[PDB]
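This report refers to the structure that appears directly beneath it.
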Amino acid sequence: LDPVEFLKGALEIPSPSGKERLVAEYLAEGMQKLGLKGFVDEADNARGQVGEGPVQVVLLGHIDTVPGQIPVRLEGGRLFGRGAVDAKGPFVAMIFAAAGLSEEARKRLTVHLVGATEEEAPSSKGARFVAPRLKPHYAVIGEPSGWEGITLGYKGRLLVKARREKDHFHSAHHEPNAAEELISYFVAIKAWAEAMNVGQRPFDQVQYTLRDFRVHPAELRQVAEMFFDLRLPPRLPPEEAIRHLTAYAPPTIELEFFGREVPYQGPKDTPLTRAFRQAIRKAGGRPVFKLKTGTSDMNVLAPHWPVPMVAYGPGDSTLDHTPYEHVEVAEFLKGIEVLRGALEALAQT
Amino acid sequence: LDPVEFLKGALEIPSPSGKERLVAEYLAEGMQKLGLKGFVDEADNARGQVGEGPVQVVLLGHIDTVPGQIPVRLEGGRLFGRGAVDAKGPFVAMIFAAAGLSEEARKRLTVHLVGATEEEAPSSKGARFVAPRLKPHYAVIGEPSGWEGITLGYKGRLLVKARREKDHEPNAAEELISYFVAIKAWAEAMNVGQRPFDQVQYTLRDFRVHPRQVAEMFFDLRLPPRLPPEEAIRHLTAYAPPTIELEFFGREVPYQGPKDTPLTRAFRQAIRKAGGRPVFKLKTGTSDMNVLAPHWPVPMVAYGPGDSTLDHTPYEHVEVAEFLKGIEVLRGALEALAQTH
Amino acid sequence: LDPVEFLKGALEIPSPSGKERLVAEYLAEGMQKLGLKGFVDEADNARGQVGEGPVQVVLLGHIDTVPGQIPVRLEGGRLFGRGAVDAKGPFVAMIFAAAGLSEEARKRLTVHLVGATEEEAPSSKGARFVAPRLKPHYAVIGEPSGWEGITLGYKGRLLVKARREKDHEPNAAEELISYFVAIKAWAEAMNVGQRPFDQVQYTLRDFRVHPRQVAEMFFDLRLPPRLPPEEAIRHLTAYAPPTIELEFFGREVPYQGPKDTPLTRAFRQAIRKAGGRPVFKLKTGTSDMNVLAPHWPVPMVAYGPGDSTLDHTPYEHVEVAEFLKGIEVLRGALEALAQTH
Amino acid sequence: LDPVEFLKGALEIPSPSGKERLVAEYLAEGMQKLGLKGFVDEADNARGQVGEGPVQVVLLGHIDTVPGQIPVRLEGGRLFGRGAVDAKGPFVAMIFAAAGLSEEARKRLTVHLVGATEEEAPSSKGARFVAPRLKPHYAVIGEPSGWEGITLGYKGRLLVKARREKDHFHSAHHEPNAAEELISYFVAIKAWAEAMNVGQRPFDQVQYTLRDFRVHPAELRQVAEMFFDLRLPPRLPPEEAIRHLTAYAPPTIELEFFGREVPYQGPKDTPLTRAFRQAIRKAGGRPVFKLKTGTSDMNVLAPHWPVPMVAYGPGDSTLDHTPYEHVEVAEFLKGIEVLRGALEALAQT
Ligand SMILES: N[C@@H](CCCC[NH3+])C(=O)O
Ligand SMILES: N[C@@H](CCCC[NH3+])C(=O)O
């Protein structure tokens, strides 16, 4: 069973959020064959396990991707595919790493593998299913950090739907219509963020994105709806961010919040962090700590698992969600090498 | 034929822009019966004609409405329905006023009746159909002035489609918002110290986002005399970088006619005789008056019973008493200017 | 002593906050002469006292003004000057009303007169000096209500200094602007649908830029009952990142007293007897009523002749007739509540 | 006469705008000694000349600096001083370059040197004095481009003073006061620029800077004043930019415009451009074309001299106006070398 050919076959199985079963089965097979006792759980996660040691470590990735396949090709040193980077590659690298684990290490560690479902959706159903069922001492989240990167944190998230409906009236009267009231709210949110962001590094900025806007063709009534989202710095968790957005909203506007995720930023010096620092050096690289603008199951899991936790994976995260998503094979391989080393170093304490 | 019941039956026939034929039919029927030689023209306008005299008077209204039907009912002295005020009401008032003209006036005037199609749309197809097919000495536009009101002017108009196309920092939609916010701030600065007729009005009609990335906005400007379409277009294209593509359509010139005119004097007398106090008005929407001024270089006002603040609202209605006063005023004004000739 | 000429002489003495001594002197003099045992206290307040009765009534006004002297003149029935309305006028009206009290009332009431210092400043030093030195059963605050007007309430207040300090993309000044623009947008959203008394008012008082780079702003908020100082402070500090430093001072609680009270009833009678129609008012500024409510848990209103829209303007004046009606109303109200006791 | 010691002595003579005479005299001396016939003109420019050829080339720098000396020290390979980079170094490099010119080149070229006054002020008096007096075939503007850089353009400029005065009134009334009306104008300008800048590279963006804001302590009247400036892309020259700012200003606001400068962006392939491309290669570097966000006498002179023109100078322009302004000596020297080569290559056609 070869790392890159196993990944390729993973990439070839489409797995938009909610439709992960086929790939879970595949990942579970490969894990069965590698001695990781693979299976597919009640949430359709790809599950595995190796080792019998008392130190519980969870290697948790996600096996869903954003919708829309890209044809898979190995060409040059680059493997192309939806999920190459985000994040079938990272999770497959977890699988092979765990598969090549020392007897010494299978003595100190019990390593649980979770290919989580619906990480790309608001639910994170998969990570949430597993949260009350595992009690790790350490957790590694499979998201692309680059093979030399150790990511220490990810921003939180808030999804907002805003709505205005009112009686229709002539477009020449000075009173704003429903769409305009929504725009004006959004503009107020921009102003709020600009003030909130003064002097702040990107990890500490409130960021917003207008995702959708719809206006009903008006007849008796005007209806407009707006979907936006925020990426949340540590200083502004979701419940605080809701109080702010609510205070900036006039009473004419209906708000619905969802996809609440808390930010997470872990300390620079833990057993886990040293373990990866050492493994990247062994593998011949220069480790760099990273903080990421995105949101991951690290945010989802932090409230449940009060333990040292980082995110690691080969590949370049700026290829998330693009039509030419790919990883360098040599990077993917260094990725496996780093995961194994990190586990071994963990076991050597 | 009863004025109010005839209007009611007009309201009961949906005539959203482009689908005016059924109601034109009904209006033409009614005009036949009244001795107004009713018919439907090629542009599906309701047409009628009375009189033989040398001086041509056009009473031009419109018979399309914006969409959304209001259940038609008579209740508490008010007739409710889409078009009650804008502008089936005013046109029906024109029909009945014409129908009761003295034989004295029918020899001084020839009076043409046009229930125009597509006035609520960018085309104004209706009014543009008859523009070169009639040669008025005077013209009255049927839009709600209030029964004691005579409307001297309507703002011009410009419609705009803005488009932005990108690749998946801020996205196409957000960039269109920045444009919209700048044009708003521009309009506020241009408007400081101006009365409503002299203000620029800038409205977002629609905003469409398509998950490359692409977004469009449609805007609707109403234009004061100091800022006609080609001027407004120069500002807007100047504030748009080449990356935001603008399309212009629906251009109409503002119009504001003089306070003292034979038409104007006729209506003030007609109004006083009907027991009211006449009041000049400038309207902040746009009308077929704007479409027609460039073709008919003649005295022109807009008149009709009803309160224009109900235009396009879901409780559109006219007061019955006021509607009847509309009929009376029209007839007397028509009468007064037969006397001046 | 003539009321208007006495007021005039008061206006003619500058009393910007902190420099009230000369005019307190003059007011104390005048109160001596009137048999009101005039003096100047340690906080430089103008003080006076009349009556012997068990029920203490405080007529408290202020004698400082904002800076900028207006040439004092009597002209067209109007007395012009800094303080004419805010609030030398109301206090002088209180002096003369007290000076003409019946001997019947002088046995029911003891009436204290305070021309407070520094009411225009954050300190309100004056009113805070007397707060624990008097024990009123009722209190009247001398601020322009209009002669037919009785003021039930004034908004609270919060002052803010914002500072930003950097190294020479956007500069410190611009970043302070972003904060200001956000707090404005916050206030507009909080105010939608609220009457003025229930609105938050957010004013830029000063903006200082010093070419590291450093800039400061000073803001002045007026606060509705639903948003007192400590609440307003929680919003503002929440919307400020740590990089923008906020200082709070000048906090005053909003106050809005009940419509039906012996004080309130007294003034409505006094007003009717003076030939006017009494009207409750809520004022959008801040006053010593706000400073004093927390100390004097007793019925309280503000009253004085003059139109408060002239506060702080360069044409500040009171109409002479209205000023005299102020005297009359005050006296009658004082009289009416001696009768209820 | 040594390049770096001559520069050092230039840096030691303070020359804030308007007070350049002392340094002009010094620069003129050195030019006299080097055979460039130095003198100080009616505008206090440092003037020189070398060569008798029919091809007129002007090497024009500026000898004024922003106010505020920094103590001069040669330490490490770095020479510290107000003007090291902007722009006494560049002009001194012009002087020594011209001084070491071939006989072959003094035959084809007449090279005019101008150490212009008041370039850092709105006037640009010095460049404007010289504009009607020289008819170059080529012009090189002495501003720091880096020793490997050839700058092809600089943005234009507009200075704006805005004022509002009105009758004073109570701070609790909803009507905005004078300072607030000015802020609101500025905010409108921000919105205008944000829309103008959609999709635009920095050289093509309208940029603004609030320079000062004053509010009179109000007594009978409110007075507020605001000073800001714009850096102007090629698509928006100063007269167009005035129409825009004026349209966004309500009639209550008084505007005064000044320091109008037109943007300039020259073509990539001219005799001058090839001449510098070749000289940087000879000197062992990789030439890069640059467009700059700042404004220079290149903008001032372009309308007068319809000829190929670039900006060149050793040093890093991000040290303009900072308290530790300096140039690497070795860079300064490469700078001279490049200027000479460029002149020689010009003469060799
Ligand atoms: N009267 C309608 C339509 C104007 C366009 C004329 N074809 C309006 O104000 O929107
Ligand atoms: N009445 C003044 C001052 C209020 C502060 C009381 N010490 C104002 O509205 O600004």
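Protein chains in written order, with the authors' numbering: chain B, 6 to 354; chain A, 6 to 173, 180 to 222, 226 to 355; chain A', 6 to 173, 180 to 222, 226 to 355; chain B', 6 to 354. A prime marks a further copy of an entry chain. Don't be surprised by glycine CBs; every beta carbon is placed ideally from N, CA and C.
_chain A contacts from the region 182-193 of chain B' (Cβ-Cβ distance under 7 Å)_ = 193
*Identify whether residue 13 of chain A' lies in helix, strand or coil by the three-state DSSP scheme.*
Assigned with DSSP and collapsed to three states, residue 13 of chain A' falls in helix.
*How close, in whole Å, do the beta carbons of residue 154 of chain A and residue 295 of chain A come, if the pair is a contact with beta carbons under 8 Å?*
5 Å
*Looking only at DSSP bridge pairs, what is residue 99 of chain B linked to?*
Partner(s): none; residue 99 of chain B has no beta bridge.
*Taking residue 220 of chain B as the query, report the chain A residues whose CB atoms sit under 9 Å from its CB, ordered along the chain.*
Chain A residues near residue 220 of chain B: 215, 216, 217, 218 and 219.
*residue 30 of chain A' lies in the beta strand (DSSP E); which residues open and close that run?*
Taken as a continuous stretch (DSSP letters only), residue 30 of chain A' belongs to no beta strand (DSSP E), being part of the alpha helix (DSSP H) at 26-38.
*When you compare each of B'/13, B'/168 and B'/162 to residue 258 of chain B' by their alpha carbons, which one comes out closest?*
B'/168
_Checking 8 Å against the spacing of the C-beta atoms, do residue 178 of chain A and residue 20 of chain A come in under that value?_
Between 173 and 180 in chain A the model has nothing, and residue 178 of chain A is one of the residues in that span.
*Under 7 Å from any heavy atom of ligand 2, does the C-beta of residue 299 of chain A' make it?*
At a threshold of 7 Å, residue 299 of chain A' counts as near ligand 2, since its beta carbon sits closer than that to one of the ligand's heavy atoms.
*Express the C-alpha separation of residue 70 of chain A and residue 331 of chain A in angstroms, rounding to a whole number.*
13 Å
*Can you find a C-beta in chain A' that's less than 8 Å from the C-beta of residue 201 of chain B?*
yes
_For residue 103 of chain B' and residue 118 of chain B', believed in contact at Cβ under 8 Å, the rounded distance_ = 6 Å
*Could you tell me how far apart the beta carbons of residue 121 of chain A and residue 53 of chain A are, in whole angstroms, since I believe they sit closer than 8 Å?*
Contact flag wrong, Cβ pair sits at about 13 Å.
*asked:* Let me see if you follow: with CB-CB separation under 8 Å, is residue 196 of chain A close to chain B' or not?
replied: yes
*Using a Cβ-Cβ cut-off of 7 Å (strictly less than) and excluding sequence neighbours within five positions of residue 113 of chain A', which residues of its own chain qualify?*
58, 60, 352 and 355
_With a threshold of 7 Å (Cβ to nearest heavy atom), would residue 322 of chain A be considered close to ligand 2?_
no
*What residue range is occupied by the uninterrupted alpha helix (DSSP H) comprising residue 352 of chain B?*
334-352
*On the premise that residue 9 of chain B' lies in contact with residue 343 of chain B', defined as a C-beta separation below 8 Å, what is that separation, rounded to the nearest angstrom?*
That pair is no contact at about 16 Å.
*Using a C-beta cutoff of 8 Å, does residue 73 of chain A' count as contacting chain B'?*
yes
*With DSSP collapsed to three states, give me the class of residue 197 of chain A.*
DSSP places residue 197 of chain A in helix when its eight states are reduced to three.
*Between which two residues does the beta strand (DSSP E) containing residue 155 of chain A stretch?*
154-159
*Leaving out five residues before and five after residue 193 of chain B' in sequence, what residues of the same chain have Cβ atoms less than 6 Å from its Cβ?*
Cβ neighbours of residue 193 of chain B' beyond the five flanking positions: 253.
_The beta strand (DSSP E) that contains residue 146 of chain B, what's its start and end?_
143-147
_Three or more C-beta pairs under 8 Å: does that hold for the region 26-36 of chain B' against the region 307-316 of chain A'?_
no
*Helix, strand or coil: how does DSSP classify residue 270 of chain B' here?*
strand
*Buried/exposed call for residue 236 of chain A, threshold 16 Cβ in 10 Å*: buried
_residue 205 of chain B versus residue 157 of chain B' - alpha carbon distance_ = 34 Å
*Going straight from the alpha carbon of residue 220 of chain B to that of residue 299 of chain A', what length do you get?*
42 Å
*List, in order along the chain, the chain A residues whose C-beta lies closer than 9 Å to that of residue 204 of chain B'?*
Going along chain A in sequence order, the residues near residue 204 of chain B' (Cβ under 9 Å) are 169, 171, 186, 255, 256, 257 and 258.
*Should residue 224 of chain B be listed as close to ligand 1, given that the test is whether its C-beta is under 7 Å from any heavy atom?*
No, the Cβ of residue 224 of chain B stays beyond 7 Å of every heavy atom of ligand 1.
*Whose C-alpha, out of B/195, B/187 and B/232, is nearest the C-alpha of residue 216 of chain A?*
B/187
*asked:* Given a cut-off of 8 Å on the beta-carbon distance, is the pair residue 163 of chain B' and residue 247 of chain B' in contact?
replied: yes
*Please find out if some non-hydrogen atom of ligand 1 comes closer than 7 Å to the beta-carbon of residue 126 of chain A.*
yes
*asked:* From the DSSP secondary-structure annotation, give me the bridge partner or partners of residue 433 of chain B.
replied: There is simply no residue 433 of chain B to check, as chain B begins at 6 and stops at 354 in what is shown.
*Is residue 91 of chain B helix, strand or coil when you go by DSSP?*
coil
*Could you name the residues of the same chain whose beta carbon sits closer than 6 Å to that of residue 239 of chain B', not counting the 5 residues immediately before and after it, in chain order?*
268 and 270
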